[PDB]
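Encoded as structure tokens, the structure appears first; notes follow it.
Because the Cβ atoms are built from the backbone with ideal geometry, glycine has one as well, and the counts that use them run over all protein chains shown. Taken together, the values in this text are just the output of simple stated rules run on the coordinates, not laboratory data.
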Amino acid sequence: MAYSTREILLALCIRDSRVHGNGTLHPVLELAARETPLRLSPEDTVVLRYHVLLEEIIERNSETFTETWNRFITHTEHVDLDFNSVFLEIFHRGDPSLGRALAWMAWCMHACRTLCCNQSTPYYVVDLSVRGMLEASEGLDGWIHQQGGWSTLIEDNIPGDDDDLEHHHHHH
């Protein structure tokens with residue numbers, strides 16, 4: 001027996017729906033893909049912790065996240081060919097591995113709030129992204145394993161202690 005990481009996404013999802021579901025659960029994460037759910041309390045520690053860990057991150061890399069999204073922007077509008085690259089590039093600015101998954105759920109959080117708040121791309125556009133995004137989310141299972149499971153992020157809160165100032169030669 002082993003608690004698959006695909007569960008942490010289950011809760012993070014339900015919350016991502018309420019966060020925007022002012023008064024009532026927002027239809028931007030009501031029935032992604034899973035019928036007859038197993039008896040479980042989607043309110044564990046790691047799950048909740050993530051809701052935060054991710055939001056907090058945005059406070060630092062808020063523009064970064066969205067920024068990348070605008071860069072790759074301009075796709076077929078009907079192919080995951082760009083949705084996968086974006087999934088990992090959405091936080092490319094960072095560095096860590098799993099950090100791409102933490103940002104994904106992070107930026108996606110504020111991104112949905114802004115997309116819904118502003119009188120544009122109503123629940124129809126916000127949901128659209130989720131439909132495709134959620135699909136890629138399932139990738140975190142193995143995609144996360146290679147990263148080292150949340151066990152690393154959802155605790156020490158991502159390791160950091162390196163950057164220096166060497167790479168180019170434009171400014172002395």
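Taking the criterion of being more than 13 Å from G99 (Cα to Cα) and either surrounded by fewer than 13 Cβ atoms within 10 Å (Cβ to Cβ) or within 12 Å of the chain's Cα centre (by Cα) (or both), the residues of the stretch 63-83 that qualify are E63, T66, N70, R71, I73, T74, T76, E77, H78, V79, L81.
Right, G94: in a loop (DSSP other than H, G, I, E, B) and under 15 Å from the mean Cα position of the chain (by Cα) or not?
Answer is yes for this residue.
Filtered by the rule that a residue be farther than 25 Å from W150 by Cα and either in contact with an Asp or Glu (Cβ under 7 Å, 6 or more places away or on another chain) or of a type outside the set (A, V, I, L, M, F, W, C) (or both), the stretch 83-135 gives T114, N118, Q119, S120, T121, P122, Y123, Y124, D127. Selection of the stretch 18-62 for residues being surrounded by 10 or more Cβ atoms within 10 Å (Cβ to Cβ), touching a residue at least 40 places away in the same chain (Cβ under 8 Å), not β-branched (V, I, T) and not in a helix (DSSP H, G or I) yields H20, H26, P27, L29, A32, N61.
Yes/no matrix, rows are residues, columns are (1) of a type in the set (S, T, Y); (2) closer than 19 Å to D80 by Cβ; (3) surrounded by fewer than 12 Cβ atoms within 10 Å (Cβ to Cβ); (4) touching a helix residue (DSSP H, G or I) at 6+ places or on another chain (Cβ under 8 Å):
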residue: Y123; (1), (2), (3), (4): yes, no, no, yes
residue: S137; (1), (2), (3), (4): yes, yes, no, yes
residue: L140; (1), (2), (3), (4): no, yes, no, yes
residue: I144; (1), (2), (3), (4): no, yes, no, yes
residue: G149; (1), (2), (3), (4): no, no, no, no
residue: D162; (1), (2), (3), (4): no, no, yes, no
residue: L165; (1), (2), (3), (4): no, no, yes, no
residue: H171; (1), (2), (3), (4): no, no, yes, no
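The residues of the stretch 112-128 that are part of a helix (DSSP H, G or I) and either basic (K, R) or farther than 20 Å from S62 by Cα (or both), listed by number, are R113, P122, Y123, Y124, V125, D127, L128. Within the stretch 118-139, residues that are farther than 16 Å from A101 by Cα and touching a residue at least 12 places away in the same chain (Cβ under 8 Å) have Cβ atoms under 8 Å from residues that are surrounded by 15 or more Cβ atoms within 10 Å (Cβ to Cβ) and not hydrophobic (A, V, I, L, M, F, W, C) in these pairs: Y123/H26; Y123/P27; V126/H20; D127/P27, counting only partners at least 6 apart in sequence or on another chain. When residues in the stretch 97-112 are screened for being of a type in the set (K, R) and more than 8 Å from the chain's Cα centre (by Cα), 0 of them pass.
Candidates are the residues of the stretch 151-160 that are touching a helix residue (DSSP H, G or I) at 6+ places or on another chain (Cβ under 9 Å) and of a type in the set (V, I, T); the one that is farthest from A11 (Cα to Cα) is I158. Picking from residues in the stretch 1-17 that are in contact with a helix residue (DSSP H, G or I) (Cβ under 6 Å, 6 or more places away or on another chain) and assigned to a loop (DSSP other than H, G, I, E, B), the one that is surrounded by the most Cβ atoms within 10 Å (Cβ to Cβ) is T5. Is it true that some residue in the stretch 70-90 is touching a residue at least 40 places away in the same chain (Cβ under 8 Å), under 21 Å from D156 (Cα atoms) and assigned to a helix (DSSP H, G or I)? Within the stretch 70-90, not a single residue is touching a residue at least 40 places away in the same chain (Cβ under 8 Å), under 21 Å from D156 (Cα atoms) and assigned to a helix (DSSP H, G or I).
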